[PDB]
Amino acid sequence: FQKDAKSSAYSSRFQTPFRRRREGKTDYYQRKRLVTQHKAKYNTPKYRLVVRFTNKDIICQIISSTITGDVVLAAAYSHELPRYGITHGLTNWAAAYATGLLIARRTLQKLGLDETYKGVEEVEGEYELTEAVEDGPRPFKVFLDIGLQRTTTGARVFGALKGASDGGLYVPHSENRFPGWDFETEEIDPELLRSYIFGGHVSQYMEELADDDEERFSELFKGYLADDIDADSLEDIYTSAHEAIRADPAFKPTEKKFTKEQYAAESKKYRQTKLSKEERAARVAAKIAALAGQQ
Amino acid sequence: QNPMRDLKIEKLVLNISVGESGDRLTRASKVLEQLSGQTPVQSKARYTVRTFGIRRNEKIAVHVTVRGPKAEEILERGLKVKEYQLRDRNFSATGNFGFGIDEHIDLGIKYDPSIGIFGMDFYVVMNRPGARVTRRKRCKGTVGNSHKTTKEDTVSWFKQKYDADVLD
Amino acid sequence: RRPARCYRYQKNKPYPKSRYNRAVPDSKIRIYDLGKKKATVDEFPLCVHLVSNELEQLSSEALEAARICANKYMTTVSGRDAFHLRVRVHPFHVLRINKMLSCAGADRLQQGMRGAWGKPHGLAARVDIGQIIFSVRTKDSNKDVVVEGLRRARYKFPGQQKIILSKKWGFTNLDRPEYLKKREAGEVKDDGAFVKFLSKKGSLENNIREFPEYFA
Amino acid sequence: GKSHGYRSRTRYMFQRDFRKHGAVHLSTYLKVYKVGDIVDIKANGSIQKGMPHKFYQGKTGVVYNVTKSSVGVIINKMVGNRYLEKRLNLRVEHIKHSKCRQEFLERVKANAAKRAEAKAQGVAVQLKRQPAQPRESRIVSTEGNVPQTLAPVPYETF
Amino acid sequence: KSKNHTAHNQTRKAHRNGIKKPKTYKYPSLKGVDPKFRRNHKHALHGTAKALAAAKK
RNA sequence: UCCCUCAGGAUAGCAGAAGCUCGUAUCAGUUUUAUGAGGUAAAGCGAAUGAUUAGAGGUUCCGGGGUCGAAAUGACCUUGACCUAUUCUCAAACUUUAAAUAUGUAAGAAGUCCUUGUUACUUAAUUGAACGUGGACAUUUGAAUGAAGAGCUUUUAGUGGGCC
RNA sequence: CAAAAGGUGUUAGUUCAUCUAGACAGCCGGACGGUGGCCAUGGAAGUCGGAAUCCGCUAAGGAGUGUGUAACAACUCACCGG
RNA sequence: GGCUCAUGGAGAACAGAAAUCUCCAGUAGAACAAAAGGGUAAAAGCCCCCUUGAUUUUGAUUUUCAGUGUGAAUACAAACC
RNA sequence: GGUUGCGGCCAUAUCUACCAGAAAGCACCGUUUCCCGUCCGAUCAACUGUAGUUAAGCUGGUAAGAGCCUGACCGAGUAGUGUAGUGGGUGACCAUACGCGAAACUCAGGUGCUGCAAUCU
RNA sequence: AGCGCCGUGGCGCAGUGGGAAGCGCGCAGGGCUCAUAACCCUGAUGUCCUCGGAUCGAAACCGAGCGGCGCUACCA
């Protein structure tokens, strides 16, 4: 008896924002300044290294925009690193780097620029971008779409950036937001970055939390113990993953276990479908008839 | 049914408000630092009143918020001073509550003659697990009518835990 | 005030008492509803209208003078609660006056038509052709006290007006028999001033809270 | 005094639109403009750079220059007794394509298809358009349509 | 004392001898067009000139 | 348009004359077809801003007081603040909606389609972009009607109080 | 140049009401008993009003339209009728 | 780069209409140096970090318009940030 | 058909109340050594995918719902307006001729559709 | 309306370096006198006109707004 804040006048005059601002999934202020191109290039479709951190997955897509909707050049997911032998830690800094390497290698395989722009074959964990070769075509300009993720130093979203740059893509950046960018003096130390590349931070937690709370070492790392995996092996696991990704990123789907028709048949069963006009005619007639005769 | 509607203290906000910045508020900051174990935040005056004896930008009040088993322990300490007896006022329509303690030397704190005496405002922000949705950056949303911690549920919980009465 | 023939016709655009006027002499008419302004709709079935058959501006003065005249006559003949009269024309148009002044004064005002923009003189009700002035609602038994009241009121305004015994019920937009056909079933309810009719739309239980003589 | 400022008399036209406030939808930017392409001029008041004068609002020209965030349009400006060649520099949110020229450029291909087809067949093409011709002789049948004799109405109030 | 402005007879004056279109040449004004497009376009057209001067045999 | 300009001038327009380049053009104080732009007339206020008349309902927690057992965080009111659904009438400097008349642009050889050439611009690229080479489609040459010749230039008169 | 407002001047028209005695006319029989109808008061009795409102033989007559009175009474209007 | 403003609602010692604290609603009803209008909601607003594109070179363009000037503005290009 | 990531148009998509959701996915959720940010690991950061969960989110459905979007010979050829007359009228204004033609209101329907890539009993 | 001077206790005012409010009149209460006046003592009464800012320091210093006083102008 005070507000009636959600009035008919309010709802009539209410402008709803863009459906993906209502879903809270897209920064259009960013997306405009990001996708829009120099018009003197006409049709050179701007590619974006779109990186997304869900729970238990690192989605990383190379997307270019049409008037009708975004399309994908190549797409990688961290759930398909276990083919290369990263079974545990799918959504960590090391997985991000590996998915960044995989998505870069997939594109350059597709586009036929794998032979040149191989990337970095001796990882020191240095900040460096892929230089354009003289007497040859230029490297792939892709721009990192981050979304609603903050630009913090030592983010996995920049793990994927480092992965892609090492994977042979030209993703331009500075060393500011890398793990081990010492804040006081304007310098990167490649030790902590190379640690984070090869899961050094997870492995250096393993031996500390193994000697300390073993109840917490049974809570976490229950898969790492079940695999007989130890704290030392992880550097060589990720090195085997890097080389196997670089050898064969051949874009392998599943076997599709009950095909698209069989899935539709099964999914359509429980989903409630809309009533008709005669359905509501009977419904309201019944809900009137309830009150008609003193209940 | 009721799997994860656990209804746990989100935070406890301990607020002290002086109309004076300098000697007594540098003391009251050390009081909240002593109790909680966190360097607190000195609130600044919004607009001059000239009746209470404050101006704007004058650093009038100071408060802190605690989260988890600490907040539960300080709420125990504060409730036993209030006798486990809190009026059916003091408990907001959004299922939060609070109370005021006079003479901070209660709660098993020493007098600390170097600083002196102060009053506090306890406010317990009550909440059910999975309320991150409203506060997280990406994919925001409002909790359903089910998950909205209401007055009646905060009252009936405050009875069950702490072994207290509502007095009204 | 000046004569009415100075400001009879709708020559200038609607000049309302706005945030740009700011300093207007208040309307001479303040009471628009007289008689039994609290009567049930079913109490007063017959409605008659005094409609302007011409287009012009009517002074706030004329409105009050004609209202005074009509209500007086009807209250004296029938009684002060045998009808409800309603003025349906509000003085919003502001009339200006140049007011040619004798001396220049200390402020050095001006002579004839230099800065001739006028000052608020009084208000006017901009009536149109087939636009209603006075609505009345009485019994079907009267009609005669009512038309004669409205006739005595016509002598106050300029131009030409007509008296129309409408086929509507009270101040409703429904006809005499078809309003009764809604009042047959529980399709009608009463505020006290006016009536709310049942809509064939909205939340069903919310509609059934009222009109329980409908759904019966 | 009198006011003849750049954005003067432009309350209602550089107004946004009812419930079409806020952001520009991205198709606007993804659209490609090339030289010789006929484009409209209609400012987006939400964007206050490279915006056209209220004169050019509503006009249609042809793109002459193409650069980063902007085009260049040629418009015909009558002043006294003769047109001039007015070159605007417009950011790309203040313009759009003309379906005017889109419906012509598809009619050209429709004519090209009709003629190239009917060159090697039985020919009665008539490529030119003709206006609304006086309607031909038809028989109107009164089978369950026996004409309703309408009469004019008497006058009545309301 | 005078009057101030009227647009009376101004149409008649204009239309008597005038209202005329700017004639539209082929090869339009390539001035105030993107300078680096021009800088290149020169070298393109010079290239096409050399290529037809080579073709003439 | 500018001027210590307002009884004057320069300026552009309207005007005359001298012609000139060519020979029915792709021009037109016009319509049609297609595609823009508009916020005026009308309309609207149980749609926002502002104005504005009338009751009904809730008021309950709250500004005016007891009528009352001194006394009721109270049974009956006038009540102000309001909220709810209705109601009468309005807006040059309100508005969702929104004309008519006027108004932009297009309706093709400087066109379309298919190959291919340079370029220091741009592209991840052998992709483009601008301009072309070489071919192909002139009966309907890509709406109506008109066309008195169409375009071009120089120079200079008067006028710059107007009025209906 | 003429306005509002008026005319049983005259013409046409709109709606409702009356007619086998209409009814209008246009003259003339009555306008009543109960009843001194309640309260207001020296007084109000048909007519200070708040208001009620029935009957009798009834052709019809208000438990009263105007003169008249301290208050009645009376003459007279609807209302019907030779 | 983070956040959301007016106002209202329910609440916490002194503290009340107004000092500070917490939650709920909140299409802008706030704010943006001024006049007024337009514009703006993960911003153009409020809080925080770094700077000096308030720079150099001259040209084209729009409004006023004689298509002169002045003022203001636009879009590039070449440098340096 | 389901879900996700990125989207196009930007309410047929929003609002209000309720009621469902197998799979997978999404989520909530767990921990604080490290990078990192806080007065508070609440938000942001890193770790795990383990300890639990569909209650919330999310998706879908329901309602003579609000709102929005459609359509109509619905109102209405009304209001208005271009053109014309030595039409009418004291005037205000109005009728007719040739054209163009709304807004409200009423009633009927509707309640997102679609692009790419991957996944899914 | 303009021009000039102003705004602090009930009245009239001072006030300054910016840190922090006094002077006279009155007002209330004492003393003196036989008593009244004169006289001598005490006290009490403050949104320093307002909203902002410069500032660690303002009532003063800057800006804007409000109010007050006096003069000039003004003869139907």
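The chain as shown is numbered from 1 upward.
From the backbone N, Cα and C atoms, a Cβ is placed for every residue, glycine too.
Secondary structure at C:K38 (ubiquitin cross-link), as computed by DSSP, is coil. Around the Cβ of C:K38 (ubiquitin cross-link), 11 further Cβ atoms fall within 10 Å across all displayed protein chains. Taken from Swiss-Prot, the feature ubiquitin cross-link covers C:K38 (among others), and the record attributes it to a large-scale study or a structure entry.
The ubiquitin cross-link annotation in Swiss-Prot covers C:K99 (among others). Cβ neighbours of C:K99 (ubiquitin cross-link) (same chain, under 8 Å, six or more residues apart in sequence): C:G118, C:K119. Taken residue by residue with DSSP, C:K99 (ubiquitin cross-link) is part of neither helix nor strand, so it is coil.
According to Swiss-Prot, the phosphoserine annotation covers C:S141 (among others), on the basis of a large-scale study or a structure entry. Its Cβ taken as reference, C:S141 (phosphoserine) is surrounded by 11 other Cβ atoms within 10 Å in the chains shown. In the three-state DSSP assignment, the secondary structure recorded for C:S141 (phosphoserine) is coil.
Contacts of C:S203 (phosphoserine) defined by a Cβ separation under 8 A and a same-chain sequence distance of 6+ are given as none. Annotated phosphoserine per Swiss-Prot: C:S203 (among others), in sequence order, evidence recorded as a large-scale study or a structure entry.
For C:165-214, the entry in Swiss-Prot reads region '2 X 15-17 AA approximate repeats'.
Counting same-chain residues at least six beyond the ends of the repeat '1' (C:165-179), those with a Cβ under 8 angstroms from any Cβ of the stretch are 41, 44-49, 86, 135, 137, 143, 147, 188, 194-195. For C:165-179, the entry in Swiss-Prot reads repeat '1'.
If you look up Swiss-Prot, you'll see C:198-214 marked as repeat '2'. Nonlocal intrachain contacts for the repeat '2' (C:198-214), taken as residues 6+ away from its ends with a CB within less than 8 angstroms of a stretch CB, comprise 185-189.
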C:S203 (phosphoserine): secondary structure state under DSSP, collapsed to three categories: coil
Secondary structure tally of the repeat '1' (C:165-179) (DSSP, helix then strand then coil): 4 helix, 6 strand, 5 coil
